[PDB]
């Protein structure tokens, strides 16, 4: 992806937006209890912790575009993945507007607690001023879509979240692109049936993990990926994507049954326009993270990409024995024979992708069931029931979370939620976690679940 052009929003008849410049995050009562290396991301150019230019840092992800055509490897990649998806019977018929907006099996309602994007954000207008799940009213919505139309600019915000202090110093904060309510609705009408079929079918046929519950899904993964493991990381995947990959996505969408007018919606993802503060800018390429379908489309593209690389690097690879599960850029895969991920990274480079060793490792060495991760979780077979597998989030990540709060009123919910992640590390580790929580006054006021109760509910869930 590449920022092609920047103009003042005033030139283009857009207002200055007003982007929150202060974190909601503050140290919690457990800040001194646990060790941690993360702090709230830099949100503004005048952050005292900055050791580099902030705006340069945040837009640096747009590394550029490769100018190459859809080659024979891509075509074969698209054909093979389209053949899997054909078994799922995805309807290309538009989703009913009420279902698209207020929810249906496999697809939750629009989030009414989030911004409505442009122009509503500059008009003081919220989603709740327009939509209500209690009434399921569409009258005010139809009228706002008629009035303001589609293909509105997305609004760039700096994401408020914890980051390593290294990334704080370099100002390497992440950006989100707020989709207009109108475009979210139009997207959901057009692709809603695809969305729900993916959500309902996580696994190696969609090549997607969206819709999964790691507590249950982790036990299925080794059954689905029974070959030699393949995993690697991407650097700035979303923003690294060149237009050729969107061209591929549109082709696979056509093979699914979508027409040109419908695939043209992808042009608004690939060739996108944005508001940041007092600027209006144009990006060619890059998946604008925050558009409707971000996860599904990033995952679909990841399925096209990794097939492409396999086919290019290894002639006589048999994709029918390839298995992969992607969640956006995150991926875990297998092939019956050892695949050199460093060679895939090499081919990836020519396609404008930056692929590095899994989990920020030093070399593209062997990926094993013991060291592989997915959705930041390790895999550990239950010692009692070896066919059941624990999703294991590292305690250090659980520690970073508990050390901060967006509101001390939520302490009970926050800490309970973390317990449900922590116990998969085992009873000893869990009790040490509970103990440190109980080492400060507030901790002793919390209702925390017993290890035995968690294990019991888990086994019961199967």
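Residue numbers count along the first chain shown, from 1.
- Relative to its counterpart among 148-156 and 356-364, 356-364 has the higher mean temperature factor, C-alpha atoms as listed in the PDB entry.
- Of the two stretches examined, 44-52 and 419-427, the record assigns the greater average C-alpha temperature factor to 44-52.
- You'll see in the entry that, of 132, 298, 292, 308, the Cα B factor peaks at 132.
- Note on the listed residues 199, 80, 315, 280: the highest Cα temperature factor in the record is that of 315.
- Per the PDB record, residue ranking by Cα B-factor puts residue 433 in the highest third of the chain.
- Split the chain's modelled residues into thirds by C-alpha temperature factor. Residue 57 is in the highest one.
- Ranked within its chain, residue 327 lands in the lowest third, by CA B factor from the PDB record.
- Sort the chain's modelled residues by C-alpha temperature factor and residue 251 lands in the middle third, per the entry.
- Sort the chain's modelled residues by C-alpha temperature factor and residue 401 lands in the lowest third, per the entry.
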